[PDB]
Amino acid sequence: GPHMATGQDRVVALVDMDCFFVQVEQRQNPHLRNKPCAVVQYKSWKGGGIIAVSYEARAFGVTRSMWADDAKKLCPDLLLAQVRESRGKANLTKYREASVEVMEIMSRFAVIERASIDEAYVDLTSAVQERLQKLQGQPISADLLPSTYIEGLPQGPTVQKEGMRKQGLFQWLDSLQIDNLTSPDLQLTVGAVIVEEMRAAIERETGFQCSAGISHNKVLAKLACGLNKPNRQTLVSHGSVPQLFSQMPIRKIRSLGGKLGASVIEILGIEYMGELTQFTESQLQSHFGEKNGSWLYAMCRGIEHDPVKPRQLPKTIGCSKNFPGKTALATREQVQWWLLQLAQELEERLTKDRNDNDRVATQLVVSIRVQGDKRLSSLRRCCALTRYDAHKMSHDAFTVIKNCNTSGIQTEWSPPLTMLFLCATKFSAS
DNA sequence: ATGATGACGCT
DNA sequence: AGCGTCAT
Ligand SMILES: Nc1ccn([C@H]2C[C@H](O)[C@@H](COP(=O)(O)NP(=O)(O)OP(=O)(O)O)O2)c(=O)n1
Ligand SMILES: [Mg+2]
Ligand SMILES: [Mg+2]
(Lines give C-alpha, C1' and ligand atoms only; values in the text may rest on other atoms or scores of the structure.)
(Ligands and ions follow the chains in the order given, each with its own letter.)
Protein backbone atom coordinates (compact mmCIF):
# COMPACT_ATOMS: atom_id res chain seq x y z
CA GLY A 1 0.00 0.00 0.00
CA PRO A 2 1.23 3.48 0.95
CA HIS A 3 3.87 1.86 3.22
CA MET A 4 5.85 -0.38 0.79
CA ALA A 5 9.45 0.80 1.35
CA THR A 6 11.20 1.07 -2.01
CA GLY A 7 14.87 1.70 -1.23
CA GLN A 8 14.71 5.07 -2.99
CA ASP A 9 15.60 7.17 0.07
CA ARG A 10 19.18 8.00 -0.95
CA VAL A 11 21.34 9.07 -3.84
CA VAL A 12 24.64 7.16 -3.70
CA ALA A 13 27.54 7.24 -6.16
CA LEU A 14 30.57 4.99 -6.62
CA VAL A 15 33.53 6.57 -8.43
CA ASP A 16 36.27 4.26 -9.69
CA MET A 17 39.46 5.19 -11.53
CA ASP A 18 40.01 3.64 -14.94
CA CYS A 19 43.11 1.36 -14.98
CA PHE A 20 44.34 3.43 -12.04
CA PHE A 21 47.98 2.35 -11.61
CA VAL A 22 48.45 2.59 -15.40
CA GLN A 23 47.04 6.13 -15.46
CA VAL A 24 49.47 7.10 -12.69
CA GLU A 25 52.38 5.81 -14.77
CA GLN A 26 51.02 7.36 -18.00
CA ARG A 27 50.64 10.81 -16.47
CA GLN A 28 54.30 10.58 -15.35
CA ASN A 29 55.54 9.09 -18.65
CA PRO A 30 53.82 10.73 -21.64
CA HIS A 31 55.30 8.05 -23.94
CA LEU A 32 52.89 5.45 -22.47
CA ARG A 33 49.69 7.42 -23.09
CA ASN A 34 47.03 5.93 -25.38
CA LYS A 35 49.06 2.76 -25.87
CA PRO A 36 48.63 -0.84 -24.69
CA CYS A 37 50.51 -0.94 -21.43
CA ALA A 38 50.54 -2.62 -18.06
CA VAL A 39 52.05 -2.13 -14.60
CA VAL A 40 54.16 -5.02 -13.26
CA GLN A 41 56.00 -5.90 -10.08
CA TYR A 42 59.24 -7.92 -9.84
CA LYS A 43 60.88 -8.01 -13.27
CA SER A 44 62.86 -11.19 -12.51
CA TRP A 45 59.95 -13.64 -12.60
CA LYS A 46 58.74 -14.05 -16.19
CA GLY A 47 58.89 -10.30 -16.76
CA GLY A 48 56.85 -9.46 -13.68
CA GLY A 49 53.32 -10.02 -12.44
CA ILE A 50 50.80 -7.72 -14.11
CA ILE A 51 48.69 -5.74 -11.64
CA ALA A 52 47.04 -3.16 -13.93
CA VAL A 53 46.26 -3.10 -17.67
CA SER A 54 45.28 -0.24 -19.96
CA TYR A 55 42.15 -0.66 -22.08
CA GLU A 56 44.21 -0.73 -25.29
CA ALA A 57 46.07 -3.76 -23.89
CA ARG A 58 42.80 -5.33 -22.66
CA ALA A 59 41.63 -5.46 -26.28
CA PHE A 60 44.44 -7.96 -26.96
CA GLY A 61 43.32 -10.05 -23.98
CA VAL A 62 46.01 -8.92 -21.51
CA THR A 63 44.72 -9.33 -17.94
CA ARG A 64 45.81 -8.81 -14.34
CA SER A 65 47.63 -11.80 -12.73
CA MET A 66 49.25 -12.64 -16.06
CA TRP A 67 53.03 -12.82 -16.21
CA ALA A 68 54.48 -10.08 -18.40
CA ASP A 69 56.28 -12.61 -20.63
CA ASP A 70 52.93 -14.27 -21.42
CA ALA A 71 51.13 -10.96 -21.94
CA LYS A 72 53.73 -10.08 -24.61
CA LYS A 73 52.71 -13.24 -26.48
CA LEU A 74 49.19 -11.80 -26.77
CA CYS A 75 50.36 -8.20 -27.30
CA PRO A 76 53.90 -7.86 -28.72
CA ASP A 77 53.85 -4.02 -28.53
CA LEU A 78 52.74 -3.94 -24.86
CA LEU A 79 54.66 -1.28 -22.93
CA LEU A 80 55.46 -1.90 -19.26
CA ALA A 81 56.01 0.25 -16.20
CA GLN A 82 57.38 -1.38 -13.08
CA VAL A 83 56.52 -0.65 -9.47
CA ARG A 84 59.16 1.00 -7.28
CA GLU A 85 61.11 -1.41 -5.12
CA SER A 86 62.51 -0.52 -1.71
CA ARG A 87 64.05 -2.74 0.95
CA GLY A 88 63.63 -5.76 -1.29
CA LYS A 89 59.92 -5.33 -1.88
CA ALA A 90 57.29 -3.65 -4.00
CA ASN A 91 56.55 -0.13 -2.75
CA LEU A 92 53.14 1.29 -3.64
CA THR A 93 53.66 4.82 -2.25
CA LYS A 94 53.24 6.53 -5.63
CA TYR A 95 49.76 5.07 -6.08
CA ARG A 96 48.68 5.86 -2.52
CA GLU A 97 49.75 9.48 -3.06
CA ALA A 98 47.82 9.63 -6.34
CA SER A 99 44.83 8.17 -4.48
CA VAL A 100 45.03 11.02 -1.95
CA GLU A 101 44.82 13.56 -4.79
CA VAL A 102 41.54 12.04 -6.00
CA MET A 103 40.05 11.53 -2.55
CA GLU A 104 40.66 15.16 -1.63
CA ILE A 105 38.80 16.46 -4.71
CA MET A 106 35.80 14.17 -4.15
CA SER A 107 35.72 15.27 -0.50
CA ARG A 108 34.96 18.80 -1.67
CA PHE A 109 31.52 17.71 -2.94
CA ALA A 110 30.22 15.36 -0.27
CA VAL A 111 30.91 12.87 2.48
CA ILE A 112 32.94 10.05 0.94
CA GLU A 113 33.74 6.51 2.07
CA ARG A 114 37.18 5.43 0.86
CA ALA A 115 36.50 1.93 -0.46
CA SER A 116 39.82 1.03 -2.12
CA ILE A 117 42.96 2.75 -3.32
CA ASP A 118 41.02 3.86 -6.43
CA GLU A 119 37.34 4.15 -5.49
CA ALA A 120 35.01 5.87 -3.05
CA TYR A 121 31.29 5.97 -2.36
CA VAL A 122 29.48 9.30 -2.17
CA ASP A 123 26.20 10.02 -0.41
CA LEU A 124 24.78 12.84 -2.55
CA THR A 125 21.34 12.93 -0.91
CA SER A 126 21.93 16.33 0.72
CA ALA A 127 23.69 17.92 -2.26
CA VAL A 128 20.83 16.79 -4.50
CA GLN A 129 18.34 18.56 -2.21
CA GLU A 130 20.43 21.75 -2.10
CA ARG A 131 20.90 21.66 -5.86
CA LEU A 132 17.16 21.10 -6.40
CA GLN A 133 16.26 24.19 -4.35
CA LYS A 134 18.77 26.29 -6.26
CA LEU A 135 17.40 25.21 -9.63
CA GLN A 136 14.06 27.08 -9.45
CA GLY A 137 12.28 24.58 -11.70
CA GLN A 138 14.29 24.80 -14.90
CA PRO A 139 14.39 21.55 -16.90
CA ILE A 140 17.56 19.48 -16.97
CA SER A 141 19.34 19.69 -20.32
CA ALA A 142 21.16 16.78 -21.96
CA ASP A 143 24.21 19.08 -22.07
CA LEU A 144 24.52 18.67 -18.31
CA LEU A 145 24.95 14.90 -18.79
CA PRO A 146 27.59 14.64 -21.55
CA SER A 147 28.95 11.23 -20.39
CA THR A 148 25.90 9.67 -18.68
CA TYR A 149 24.21 6.37 -19.65
CA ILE A 150 20.67 5.57 -18.51
CA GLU A 151 20.67 1.82 -17.91
CA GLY A 152 17.79 0.14 -19.72
CA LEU A 153 17.37 2.97 -22.23
CA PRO A 154 16.68 3.38 -25.09
CA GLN A 155 13.72 1.06 -25.58
CA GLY A 156 10.78 0.97 -27.97
CA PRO A 157 9.95 2.39 -31.44
CA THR A 158 21.44 4.32 -34.06
CA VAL A 159 24.19 1.80 -34.69
CA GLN A 160 26.98 3.72 -32.91
CA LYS A 161 27.61 3.97 -29.18
CA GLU A 162 27.22 7.72 -28.69
CA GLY A 163 24.02 7.57 -30.72
CA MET A 164 22.53 4.95 -28.38
CA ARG A 165 23.66 6.89 -25.29
CA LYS A 166 21.92 10.10 -26.41
CA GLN A 167 18.61 8.51 -27.39
CA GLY A 168 18.47 6.77 -24.02
CA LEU A 169 19.30 10.03 -22.26
CA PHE A 170 16.75 11.95 -24.39
CA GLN A 171 14.07 9.36 -23.60
CA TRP A 172 14.89 9.60 -19.89
CA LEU A 173 14.92 13.40 -19.79
CA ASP A 174 11.79 13.70 -21.95
CA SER A 175 9.82 11.60 -19.47
CA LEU A 176 11.39 13.25 -16.41
CA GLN A 177 9.12 15.04 -13.96
CA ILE A 178 11.06 18.21 -13.13
CA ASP A 179 8.33 20.03 -11.15
CA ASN A 180 7.96 17.30 -8.51
CA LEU A 181 10.97 17.44 -6.20
CA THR A 182 10.33 14.14 -4.35
CA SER A 183 10.58 11.81 -7.38
CA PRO A 184 13.56 9.47 -6.82
CA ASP A 185 14.24 9.48 -10.57
CA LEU A 186 14.67 13.26 -10.56
CA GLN A 187 16.95 12.96 -7.53
CA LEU A 188 19.14 10.38 -9.30
CA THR A 189 19.27 12.66 -12.38
CA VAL A 190 20.46 15.62 -10.32
CA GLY A 191 22.85 13.29 -8.55
CA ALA A 192 24.24 12.36 -11.96
CA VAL A 193 24.69 16.04 -12.91
CA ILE A 194 26.79 16.52 -9.78
CA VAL A 195 28.85 13.42 -10.57
CA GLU A 196 29.60 14.83 -14.04
CA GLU A 197 31.07 17.84 -12.23
CA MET A 198 32.99 15.72 -9.72
CA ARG A 199 34.42 13.64 -12.56
CA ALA A 200 35.29 16.77 -14.56
CA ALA A 201 37.07 18.19 -11.50
CA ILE A 202 39.03 14.96 -10.95
CA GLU A 203 40.23 14.94 -14.53
CA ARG A 204 40.96 18.66 -14.71
CA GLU A 205 42.91 18.64 -11.46
CA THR A 206 44.74 15.30 -11.69
CA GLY A 207 44.63 14.30 -15.34
CA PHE A 208 43.05 11.00 -14.24
CA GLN A 209 39.90 9.68 -15.93
CA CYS A 210 37.31 7.62 -14.06
CA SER A 211 33.87 6.06 -14.23
CA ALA A 212 30.94 6.31 -11.84
CA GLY A 213 27.72 4.60 -10.88
CA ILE A 214 24.76 6.63 -9.60
CA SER A 215 21.90 4.82 -7.89
CA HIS A 216 20.09 4.46 -4.57
CA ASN A 217 22.57 2.27 -2.70
CA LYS A 218 26.21 1.13 -2.73
CA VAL A 219 25.62 -2.25 -4.38
CA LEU A 220 23.73 -0.79 -7.35
CA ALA A 221 26.16 2.12 -7.65
CA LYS A 222 29.11 -0.30 -7.77
CA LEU A 223 27.31 -2.50 -10.32
CA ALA A 224 26.32 0.53 -12.42
CA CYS A 225 29.91 1.85 -12.40
CA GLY A 226 31.14 -1.16 -14.38
CA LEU A 227 28.44 -1.22 -17.05
CA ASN A 228 30.07 1.47 -19.20
CA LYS A 229 33.73 1.79 -18.21
CA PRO A 230 35.96 3.48 -19.35
CA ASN A 231 35.47 7.23 -18.81
CA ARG A 232 31.66 7.05 -18.55
CA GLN A 233 28.99 7.16 -15.84
CA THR A 234 25.83 5.08 -15.51
CA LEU A 235 22.55 5.83 -13.76
CA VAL A 236 20.69 2.71 -12.55
CA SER A 237 17.20 3.71 -11.51
CA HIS A 238 14.97 1.68 -9.22
CA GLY A 239 12.71 0.87 -12.18
CA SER A 240 15.57 -0.57 -14.23
CA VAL A 241 16.28 -3.30 -11.64
CA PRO A 242 13.86 -6.11 -12.71
CA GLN A 243 15.16 -6.16 -16.29
CA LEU A 244 18.78 -5.63 -15.25
CA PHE A 245 18.60 -8.34 -12.61
CA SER A 246 16.77 -10.85 -14.85
CA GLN A 247 20.02 -11.84 -16.64
CA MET A 248 22.52 -10.59 -14.09
CA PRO A 249 24.62 -13.53 -12.80
CA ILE A 250 24.59 -13.69 -9.02
CA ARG A 251 28.41 -13.54 -8.76
CA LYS A 252 28.51 -9.99 -10.16
CA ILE A 253 26.80 -8.46 -7.12
CA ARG A 254 29.19 -7.27 -4.42
CA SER A 255 29.78 -9.81 -1.60
CA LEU A 256 28.30 -12.59 -3.78
CA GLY A 257 31.56 -13.20 -5.67
CA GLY A 258 32.76 -16.00 -3.39
CA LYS A 259 31.58 -19.03 -1.42
CA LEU A 260 28.29 -17.39 -0.36
CA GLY A 261 27.24 -16.62 -3.94
CA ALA A 262 28.20 -20.14 -5.01
CA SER A 263 25.93 -21.67 -2.39
CA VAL A 264 23.05 -19.39 -3.32
CA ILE A 265 23.46 -20.73 -6.85
CA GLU A 266 23.86 -24.38 -5.84
CA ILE A 267 21.33 -24.53 -2.98
CA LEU A 268 18.57 -22.64 -4.79
CA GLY A 269 19.27 -23.92 -8.28
CA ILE A 270 19.32 -20.45 -9.84
CA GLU A 271 21.67 -18.39 -12.05
CA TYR A 272 20.49 -14.78 -11.98
CA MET A 273 19.89 -12.18 -9.31
CA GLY A 274 16.20 -11.69 -10.14
CA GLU A 275 15.32 -15.36 -9.58
CA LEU A 276 15.87 -14.70 -5.87
CA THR A 277 12.52 -12.80 -5.75
CA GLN A 278 10.71 -16.16 -5.89
CA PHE A 279 11.70 -16.98 -2.30
CA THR A 280 10.19 -15.74 0.94
CA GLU A 281 12.51 -13.99 3.35
CA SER A 282 12.22 -16.85 5.86
CA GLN A 283 13.36 -19.36 3.23
CA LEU A 284 16.44 -17.31 2.39
CA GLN A 285 17.15 -16.93 6.11
CA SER A 286 16.85 -20.70 6.58
CA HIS A 287 19.42 -21.37 3.86
CA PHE A 288 21.87 -18.52 4.41
CA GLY A 289 21.33 -17.24 7.92
CA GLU A 290 19.30 -14.37 9.24
CA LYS A 291 21.41 -11.41 7.99
CA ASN A 292 22.30 -12.92 4.61
CA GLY A 293 18.69 -13.95 4.12
CA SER A 294 17.32 -10.52 4.93
CA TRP A 295 19.97 -8.91 2.75
CA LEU A 296 19.36 -11.18 -0.23
CA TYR A 297 15.58 -10.80 -0.02
CA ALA A 298 15.86 -7.02 -0.25
CA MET A 299 18.88 -6.85 -2.59
CA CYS A 300 17.22 -8.87 -5.37
CA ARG A 301 14.52 -6.15 -5.26
CA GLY A 302 17.14 -3.36 -5.64
CA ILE A 303 16.99 -2.42 -1.92
CA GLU A 304 20.01 -2.18 0.38
CA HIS A 305 20.70 0.02 3.40
CA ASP A 306 24.43 -0.24 4.15
CA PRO A 307 25.32 3.43 4.74
CA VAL A 308 28.06 5.46 3.11
CA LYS A 309 30.48 5.65 6.06
CA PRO A 310 32.32 8.94 6.66
CA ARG A 311 35.81 7.45 6.47
CA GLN A 312 38.55 8.71 4.20
CA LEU A 313 41.39 7.04 6.12
CA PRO A 314 42.33 3.35 6.35
CA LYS A 315 41.73 1.66 9.70
CA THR A 316 44.91 -0.41 9.29
CA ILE A 317 48.32 0.12 7.67
CA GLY A 318 50.21 -2.94 6.52
CA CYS A 319 53.26 -4.40 4.75
CA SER A 320 53.60 -8.00 3.63
CA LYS A 321 55.87 -10.08 1.43
CA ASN A 322 55.38 -13.57 0.02
CA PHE A 323 58.26 -16.05 -0.17
CA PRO A 324 56.77 -18.69 -2.44
CA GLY A 325 58.15 -22.17 -2.97
CA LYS A 326 61.93 -22.42 -2.91
CA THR A 327 62.43 -18.93 -1.45
CA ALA A 328 60.48 -19.73 1.73
CA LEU A 329 62.47 -18.39 4.66
CA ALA A 330 64.25 -21.19 6.50
CA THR A 331 66.84 -19.62 8.80
CA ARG A 332 66.32 -17.50 11.87
CA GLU A 333 68.28 -14.47 10.65
CA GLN A 334 66.40 -14.53 7.35
CA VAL A 335 63.16 -14.17 9.29
CA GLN A 336 64.68 -11.41 11.40
CA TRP A 337 66.08 -9.48 8.45
CA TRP A 338 62.80 -9.46 6.49
CA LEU A 339 60.80 -8.52 9.58
CA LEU A 340 63.21 -5.60 9.91
CA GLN A 341 62.59 -4.66 6.27
CA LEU A 342 58.85 -4.72 6.79
CA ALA A 343 59.10 -2.83 10.07
CA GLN A 344 61.26 -0.18 8.37
CA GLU A 345 58.74 0.45 5.60
CA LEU A 346 55.85 0.40 8.07
CA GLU A 347 57.52 2.92 10.39
CA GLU A 348 57.94 5.32 7.48
CA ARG A 349 54.24 5.06 6.64
CA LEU A 350 53.10 5.37 10.28
CA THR A 351 55.15 8.53 10.84
CA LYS A 352 53.74 10.15 7.72
CA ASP A 353 50.32 9.02 8.89
CA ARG A 354 50.74 10.53 12.36
CA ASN A 355 51.81 13.89 10.91
CA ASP A 356 49.08 14.04 8.27
CA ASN A 357 46.14 12.60 10.17
CA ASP A 358 46.79 13.27 13.90
CA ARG A 359 46.48 9.72 15.20
CA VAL A 360 48.69 6.86 16.35
CA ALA A 361 48.35 3.11 16.06
CA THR A 362 48.43 1.20 19.33
CA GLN A 363 48.48 -2.46 18.26
CA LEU A 364 50.87 -4.48 16.11
CA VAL A 365 49.62 -7.60 14.30
CA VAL A 366 52.10 -10.18 13.02
CA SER A 367 50.87 -12.71 10.51
CA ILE A 368 52.76 -15.56 8.88
CA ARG A 369 52.24 -18.36 6.48
CA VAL A 370 54.17 -21.62 6.43
CA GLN A 371 54.78 -23.95 3.51
CA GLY A 372 51.97 -26.33 2.61
CA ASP A 373 49.30 -24.66 4.77
CA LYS A 374 46.49 -23.67 2.42
CA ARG A 375 45.15 -20.26 3.59
CA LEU A 376 45.88 -16.54 3.12
CA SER A 377 47.26 -16.42 6.69
CA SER A 378 48.50 -19.36 8.77
CA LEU A 379 48.65 -17.57 12.11
CA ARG A 380 48.09 -14.09 13.62
CA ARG A 381 49.51 -12.71 16.86
CA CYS A 382 49.21 -9.23 18.38
CA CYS A 383 51.36 -7.08 20.67
CA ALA A 384 51.42 -3.45 21.76
CA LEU A 385 52.63 -0.72 19.41
CA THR A 386 54.06 1.96 21.68
CA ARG A 387 56.97 3.34 19.58
CA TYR A 388 57.31 4.02 15.86
CA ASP A 389 60.69 2.28 15.99
CA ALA A 390 61.53 -0.22 13.27
CA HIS A 391 63.93 -2.26 15.41
CA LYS A 392 61.54 -2.49 18.37
CA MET A 393 58.63 -3.51 16.12
CA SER A 394 60.59 -6.25 14.34
CA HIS A 395 62.00 -7.39 17.67
CA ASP A 396 58.47 -7.62 19.12
CA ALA A 397 57.14 -9.36 16.00
CA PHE A 398 59.89 -11.97 16.21
CA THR A 399 59.23 -12.36 19.95
CA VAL A 400 55.56 -13.22 19.37
CA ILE A 401 56.18 -15.63 16.44
CA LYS A 402 59.48 -17.30 17.40
CA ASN A 403 57.68 -20.13 19.25
CA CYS A 404 56.23 -21.21 15.89
CA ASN A 405 59.70 -22.57 15.10
CA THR A 406 59.08 -26.34 15.02
CA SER A 407 62.80 -26.60 14.20
CA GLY A 408 65.05 -28.78 16.31
CA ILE A 409 68.26 -27.08 15.20
CA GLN A 410 69.21 -23.77 16.84
CA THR A 411 69.59 -21.53 13.79
CA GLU A 412 67.04 -23.11 11.44
CA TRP A 413 63.44 -22.13 10.89
CA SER A 414 60.96 -24.94 10.34
CA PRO A 415 58.48 -25.20 8.76
CA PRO A 416 59.66 -22.64 6.19
CA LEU A 417 57.73 -19.36 6.09
CA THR A 418 56.06 -18.36 2.81
CA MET A 419 54.62 -15.04 4.05
CA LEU A 420 55.37 -12.28 6.57
CA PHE A 421 52.85 -9.53 7.36
CA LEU A 422 53.07 -6.60 9.79
CA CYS A 423 49.94 -4.53 10.35
CA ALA A 424 49.35 -1.48 12.56
CA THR A 425 45.77 -1.23 13.90
CA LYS A 426 43.70 0.30 16.73
CA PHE A 427 44.36 3.92 15.86
CA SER A 428 43.76 6.60 18.50
CA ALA A 429 43.69 10.39 18.28
CA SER A 430 47.00 12.15 18.89
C1' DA B 1 55.26 -18.48 -9.15
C1' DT B 2 50.57 -13.28 -9.71
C1' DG B 3 51.44 -10.41 -5.30
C1' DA B 4 50.45 -6.34 -1.96
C1' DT B 5 47.04 -4.94 0.55
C1' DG B 6 42.38 -3.45 3.11
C1' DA B 7 37.39 -4.05 5.55
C1' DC B 8 34.78 -6.77 8.36
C1' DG B 9 32.04 -11.08 10.18
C1' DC B 10 32.15 -15.04 13.33
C1' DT B 11 33.14 -17.39 17.67
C1' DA C 1 41.74 -12.80 20.83
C1' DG C 2 42.48 -15.33 16.50
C1' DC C 3 40.55 -17.14 12.35
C1' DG C 4 37.68 -16.74 7.86
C1' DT C 5 35.56 -14.29 3.69
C1' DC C 6 35.52 -10.93 0.24
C1' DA C 7 37.41 -7.45 -1.95
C1' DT C 8 40.79 -4.01 -5.30
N1 LIG D 1 43.66 -7.51 -7.40
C2 LIG D 1 43.96 -6.24 -7.57
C3 LIG D 1 43.05 -5.31 -8.13
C4 LIG D 1 43.47 -3.99 -8.30
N5 LIG D 1 44.77 -3.58 -7.87
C6 LIG D 1 45.26 -2.20 -8.04
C7 LIG D 1 45.70 -1.89 -9.47
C8 LIG D 1 44.43 -1.23 -10.07
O9 LIG D 1 44.90 -0.32 -10.96
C10 LIG D 1 43.84 -0.49 -8.87
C11 LIG D 1 42.28 -0.41 -8.86
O12 LIG D 1 41.61 -1.64 -9.26
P13 LIG D 1 40.27 -1.79 -10.27
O14 LIG D 1 40.07 -3.04 -9.43
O15 LIG D 1 39.84 -0.39 -9.55
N16 LIG D 1 41.36 -1.77 -11.70
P17 LIG D 1 41.79 -0.44 -12.63
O18 LIG D 1 43.19 -1.10 -12.64
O19 LIG D 1 41.36 0.43 -11.41
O20 LIG D 1 40.80 -0.98 -13.73
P21 LIG D 1 39.30 -0.46 -14.04
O22 LIG D 1 38.73 -0.13 -12.62
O23 LIG D 1 39.27 0.72 -15.08
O24 LIG D 1 38.72 -1.74 -14.61
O25 LIG D 1 44.17 -1.32 -7.75
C26 LIG D 1 45.63 -4.51 -7.35
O27 LIG D 1 46.78 -4.22 -7.01
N28 LIG D 1 45.22 -5.84 -7.17
MG1 LIG E 1 39.43 1.18 -11.21
MG1 LIG F 1 38.45 -0.21 -8.00
Side-chain angles (χ1 to χ4, degrees), chain A residues 14-21 38-53 62-71 82-96 99 113-121 218-219 222 225-226 251-263 288-292 295 306 309 311-328 341-342 345-346 349 363 365-369 371 373-384 400-401 404 418-427:
Chain A
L14 189 270
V15 177
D16 186 281
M17 314 300 304
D18 301 333
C19 51
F20 184 48
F21 289 15
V39 179
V40 299
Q41 58 192 359
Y42 301 134
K43 214 72 186 62
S44 300
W45 197 241
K46 296 166 141 185
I50 298 191
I51 65 183
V53 191
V62 178
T63 66
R64 170 185 306 112
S65 99
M66 224 166 246
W67 297 119
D69 288 349
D70 297 331
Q82 69 198 60
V83 165
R84 181 193 273 141
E85 262 178 87
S86 2
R87 286 179 262 255
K89 70 178 291 285
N91 178 358
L92 300 176
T93 302
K94 196 198 287 176
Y95 314 110
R96 301 191 181 103
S99 190
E113 172 185 345
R114 185 208 179 268
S116 80
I117 199 167
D118 96 311
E119 79 215 61
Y121 294 93
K218 293 160 76 165
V219 166
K222 179 53 181 184
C225 182
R251 75 181 162 267
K252 305 298 194 177
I253 282 87
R254 188 213 64 150
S255 74
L256 293 194
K259 294 181 175 229
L260 177 54
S263 66
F288 310 113
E290 167 175 309
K291 78 155 189 144
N292 291 336
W295 188 89
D306 179 23
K309 295 162 192 13
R311 199 192 66 255
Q312 191 173 337
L313 297 180
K315 293 173 162 141
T316 64
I317 295 193
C319 311
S320 59
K321 180 147 180 50
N322 280 327
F323 306 91
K326 199 200 156 70
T327 57
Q341 303 318 301
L342 290 173
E345 193 196 342
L346 184 60
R349 290 176 60 189
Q363 184 186 61
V365 180
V366 196
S367 164
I368 67 191
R369 173 163 180 74
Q371 210 148 49
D373 195 309
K374 291 298 186 301
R375 308 154 289 159
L376 200 65
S377 151
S378 284
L379 183 126
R380 262 162 288 188
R381 292 293 187 273
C382 66
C383 65
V400 303
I401 55 83
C404 293
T418 45
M419 189 275 296
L420 296 184
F421 169 88
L422 290 181
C423 192
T425 58
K426 289 191 192 310
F427 282 91

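Scope of the values below: all heavy atoms of this structure, side chains included, with no hydrogens, waters or symmetry mates. Numbers restart at 1 for each chain; the letters A, B, ... are given by sequence-line order, proteins then strands.
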List the residues meeting ring-ring contact (aromatic ring centres under 6.0 Å, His included) with [X], not counting sequence neighbours, and say none if there are none.
{"X": "A:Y95", "value": "A:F21"}
{"X": "A:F323", "value": "A:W338"}
{"X": "A:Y121", "value": "none"}

**Item:** Sequence-distant partners of A:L376, side-chain contact (heavy atoms from CB on, under 4.5 Å), two or more places apart
**Value:** none
**Prompt:** With sequence neighbours excluded, what pairs up with A:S255 under the side-chain contact (heavy atoms from CB on, under 4.5 Å) test?
**Reply:** A:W295
**Prompt:** Just the endpoints, please: which first and last nucleotides of DNA chain B, 5' to 3', lie under 4.0 Å from a heavy atom of chain A?
**Reply:**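 Range of nucleotides within reach of chain A: B:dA1 to B:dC10.
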Look at all strands and tell whether [X] reaches a base, only sugar-phosphate, or nothing, counting heavy atoms closer than 4.0 Å.
{"X": "A:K89", "answer": "sugar-phosphate"}
{"X": "A:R64", "answer": "base"}
{"X": "A:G325", "answer": "nothing"}
{"X": "A:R96", "answer": "sugar-phosphate"}
{"X": "A:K326", "answer": "nothing"}
{"X": "A:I50", "answer": "base"}
{"X": "A:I51", "answer": "base"}
{"X": "A:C319", "answer": "sugar-phosphate"}
{"X": "A:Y42", "answer": "sugar-phosphate"}

With [X], which residues qualify under salt bridge (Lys or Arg N to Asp or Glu O under 4.0 Å), at least two apart?
{"X": "A:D373", "answer": "A:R369, A:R375"}
{"X": "A:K222", "answer": "A:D16, A:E119"}
{"X": "A:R96", "answer": "none"}

**Message:** For DNA chain B, please output the secondary structure as dot-bracket, reading 5' to 3'. Pairs are Watson-Crick or G-U wobble, both atom distances under 3.5 Å; mark crossing pairs with [ ], other-strand partners with |, unpaired with a dot.
**Reply:** ...||||||||
**Message:** If we ignore hydrogens and angles and just use 3.5 Å, is the side chain of A:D118 paired with the main-chain N or O of A:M17 as donor and acceptor?
**Reply:** yes
**Prompt:** Going by the side-chain hydrogen bond (donor to acceptor under 3.5 Å, both in side chains) test, which pairs reach into residues 39-53 of chain A, not counting sequence neighbours?
**Reply:**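 As it turns out, the side-chain hydrogen bond (donor to acceptor under 3.5 Å, both in side chains) pairs with a partner in residues 39-53 of chain A, which skip direct neighbours, are A:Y42-A:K321.
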**Prompt:** Nearest 0.5 Å, what's the SG-CG distance between A:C319 and A:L346?
**Reply:** 4.5 Å
**Request:** Name the first nucleotide and the last nucleotide along DNA chain C (5' to 3') that come under 4.0 Å of a heavy atom in chain A.
**Result:** C:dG2 to C:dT8
**Request:** Using a 4.5 Å cut-off on heavy atoms from C-beta on, say whether the side chain of A:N292 contacts that of A:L260.
**Result:** yes
**Request:** Starting from the 5' end of DNA chain B, give me the residue, A:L92 or A:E113, whose nearest nucleotide shows up first.
**Result:**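 Between the two, 5'-proximity favours A:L92.
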**Request:** On DNA chain B, check which nucleotide each of A:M66 and A:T316 is closest to and give me the residue with the more 5' one.
**Result:** A:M66
**A:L376 or A:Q363, whichever maps to the more 5' nucleotide of DNA chain C** = A:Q363
